[PDB]
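The structure under discussion appears below in the form of C-alpha cells.
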Amino acid sequence: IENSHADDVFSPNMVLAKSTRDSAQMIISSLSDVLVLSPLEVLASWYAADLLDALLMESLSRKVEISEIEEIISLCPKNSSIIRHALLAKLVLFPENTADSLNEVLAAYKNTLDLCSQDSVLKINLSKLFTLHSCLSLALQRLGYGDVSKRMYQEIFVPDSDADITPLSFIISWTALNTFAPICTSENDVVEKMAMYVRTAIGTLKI
Amino acid sequence: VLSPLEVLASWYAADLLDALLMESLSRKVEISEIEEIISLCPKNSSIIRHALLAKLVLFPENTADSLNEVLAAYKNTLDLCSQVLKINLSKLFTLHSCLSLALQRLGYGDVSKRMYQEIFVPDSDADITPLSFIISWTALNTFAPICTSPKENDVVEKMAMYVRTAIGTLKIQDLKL
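Residue numbers (PDB author numbering), protein chains in the order written: chain A, 649 to 662, 668 to 679, 683 to 775, 781 to 847, 850 to 870; chain B, 692 to 774, 782 to 875.
Written out as C-alpha cells, the structure is:
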C-alpha cells in the first residue's frame, strides 16, 4: 500500500527530517509537496494520483484519448507531485502531441526548479532518473532527431527487479521498448535489458 | 570509502584542475595536462568527473571521445549507486550546459539550442567553481550567436549575469592571496 496508505501519512501536513516518520509508519518525490501545498491540495493530489495510475493501465488494452489526461491535469493542483507525472504520461501516451507536450513538461520542470532556489538540493532516485531518461529519448524519437535519440537511449541505466514500480514508469518503459525494438540494433543491450525490466515486472490484473 | 593516500591525491588533483581551468582562459590549453590529472586523480571519485567535464569543454575536437568517458563515469557512478541520488542545482546546470555545449560541437544545432534554452541557470550563490565558470563562459560563447536570434524566451541574459558574478568571486578570491 503506497498511494493508498502512504498518501495518508501526508494528509497531516496542513522540516526534511519530519517525513522520515513515514518510513517507521510503513516515494521521496511526493515529499516535496509539504513545503508549499495546501492541506486540501494534498488530498486533491492523492485523487489525481489514483486517477492517473488507473488511466495508464487502461492505455494498453484500449485506445485512450487526450480528454482523459486533461481531466487529470486540471483535477490536479498547481505545482504538485502528480502534476509532473501526469504531463509525462501525456508525453508518452500521445505521439501526435509531443512537441506541445514536451514544452509543458520542460516548463513544469523549469518551474519546479525556479521555486526551489528562490525559496536547494534535488531528491531523485534511480528509478525516476531512468523514468525521465527514457521518456525524453522516446519523445525525441517522435520528433525526428532519432539520429540523436537512439544514441541517448543506448546509455540508459536500467534499474533491477524490485516491488517499487509505478505504472507511469512501466508504461514509459514498455512504450519506449516498443518504439526502440526495431531501430536499435546498431548498445543493443538496452532493448534486452529494458524488455527484461518489463517482463520481470508484472503485478497486474488481467486487463 | 577512501584511504588516506587518495584523499590527498584528490585534493592535489582538484587544485591542479582548478589551476588548468583558469589558466586555459588566458593561455592555450591541451589534454596532455588532463591525462596527468585524471591519472593523478584516484580511480573512483568526484574529481574524475570534474577532470572529465573539463576535458569535454576544453577540448572540442575531442568532444566525441571525451563525451564517451563523461557518460562512462556517470553510468558507472550510477552503476554502484544501487548495486538515491542527491544532485545540486549548479551540478544540474553544469551538466545541463556542458551537454548542450557538447551537442552543438557535434552538429545538432536545433537539439543543442533547445537544451540550451531550457538550462536553469542558478541564481548567484557561493557554488562558483572555476569549472562551472569555464563551462558557462565557453557555452555562452559558442551559443550567444545562435540563441540570440529567436526572441521571446531565452536565458542568454541570465547566463551572462552568472559569469559576471563568477569571475567576480574568483578574481576576488584569488586577489586576497
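We put the beta carbon where it would ideally sit given N, CA and C, even for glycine.
Interface residues of chain A around residue i at Cβ under 7 angstroms?
i, result
"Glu816/B", "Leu762, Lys766"
"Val748/B", "Correct list: empty, because the minimum Cβ distance to chain A is about 19 angstroms."
"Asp756/B", "Going along chain A, no residue has its Cβ under 7 angstroms from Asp756/B, so there is no contact; the nearest lies around 14 angstroms."
At 9 angstroms on the CB atoms, spell out the chain A contacts of residue i, in chain order.
i, result
"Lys784/B", "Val782, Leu783, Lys784, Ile785"
"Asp770/B", "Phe818"
"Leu793/B", "Per Cβ cutoff of 9 angstroms: no residues; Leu793/B is ~12 angstroms from chain A at best."
"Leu875/B", "The premise fails here: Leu875/B is roughly 29 angstroms from chain A at the closest Cβ pair, so nothing lies under 9 angstroms."
"residue 639/B", "Residue 639/B lies beyond the range of chain B shown here (692 to 875); nothing can be said about it."
Find the residues of chain B that neighbour residue i, judging by a C-beta separation of less than 7 angstroms, and give them in chain order.
i, result
"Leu797/A", "Those within 7 angstroms of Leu797/A in chain B number zero; the least Cβ separation is about 10 angstroms."
Could you work out which residue in the options is closest to residue i when comparing CA atoms only?
i, options, result
"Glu724/A", "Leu749/A, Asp675/A, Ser773/A", "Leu749/A"
"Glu697/B", "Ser715/B, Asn735/B, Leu762/B, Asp706/B", "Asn735/B"
"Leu693/A", "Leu801/A, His794/A, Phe658/A", "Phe658/A"
"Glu721/A", "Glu752/A, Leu731/A, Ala864/A, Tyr806/A", "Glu752/A"
"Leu829/B", "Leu743/B, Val782/B, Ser730/B", "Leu743/B"
"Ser773/B", "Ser715/A, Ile844/A, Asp823/A", "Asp823/A"
"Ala654/A", "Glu714/A, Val668/A, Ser686/A", "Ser686/A"
"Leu769/B", "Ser788/A, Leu707/A, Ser717/A, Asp689/A", "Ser788/A"
"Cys845/A", "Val690/A, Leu868/A, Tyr814/A", "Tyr814/A"
"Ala745/B", "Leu783/B, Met713/B, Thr867/B", "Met713/B"
Quick one: list the residues of chain B neighbouring residue i, beta-carbon separation under 9 angstroms, in chain order.
i, result
"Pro820/A", "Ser773"
Chain B partners of residue i, CB-CB under 8 angstroms?
i, result
"residue 849/A", "Inspection of chain A shows residue 847 followed directly by residue 850; residue 849/A is thus not represented."
Just checking residue i against the ligand MN - is the residue's beta carbon closer than 7 angstroms to any of the ligand's heavy atoms?
i, result
"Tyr806/A", "This structure lacks the ligand MN; in fact it carries no ligand of any kind."
Next on the checklist: Three Cβ pairs or more, each shorter than 8 angstroms: is that satisfied between the region 691-705 of chain A and the region 735-745 of chain A?
Outcome noted: The region 691-705 of chain A, when compared against the region 735-745 of chain A, does touch it at the 8 angstroms Cβ threshold.
Item to check | Cβ pair count under 8 angstroms reaching 3, the region 855-867 of chain B against the region 812-829 of chain A | outcome: With a cut-off of 8 angstroms, the region 812-829 of chain A and the region 855-867 of chain B do not count as touching, because too few Cβ pairs lie within range.
Checklist entry - Which residues, in order along the region 827-858 of chain B, keep a beta-carbon less than 9 angstroms from a beta-carbon of chain A? => result Those would be none; no residue qualifies.
Next on the checklist: Within 8 angstroms, do at least three Cβ pairs link the region 746-762 of chain A to the region 756-773 of chain B?
Outcome noted: A contact between stretches requires three or more CB pairs, one per stretch, nearer than 8 angstroms, and the region 756-773 of chain B fails this requirement with the region 746-762 of chain A.
Checklist entry - Looking at C-beta atoms only, is the number of pairs between the region 822-841 of chain B and the region 801-812 of chain B that lie closer than 8 angstroms three or more? => result In short, these stretches touch, since the Cβ pair count reaches three.
Checklist entry - What are the start and end residues of each continuous alpha helix (DSSP H) run of 4 or more residues lying completely inside the region 793-850 of chain B, in chain order? => result You should have 808-815, 828-845.
Checklist entry - Listed in chain order, which residues of the region 803-815 of chain A have Cβ atoms closer than 8 angstroms to some Cβ of chain B? => result Against chain B - using a Cβ distance shorter than 8 angstroms - the residues of the region 803-815 of chain A are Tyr806, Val809.
Checklist entry - Counting Cβ pairs, one atom from each stretch, are 3 or more of them under 8 angstroms apart for the region 821-834 of chain A and the region 791-799 of chain A? => result Two segments are said to touch when three or more pairs of C-beta atoms, one from each, lie closer than 8 angstroms; by this definition the region 821-834 of chain A touches the region 791-799 of chain A.
Item to check | Near-chain B residues of the region 714-744 of chain A - C-beta to any C-beta below 7 angstroms | outcome: From the region 714-744 of chain A, no residue has a Cβ closer than 7 angstroms to chain B.
Checklist entry - What runs of the alpha helix (DSSP H), each 4 residues or longer, lie entirely inside the region 693-771 of chain B? => result Runs found: 696-717, 723-731, 737-749.
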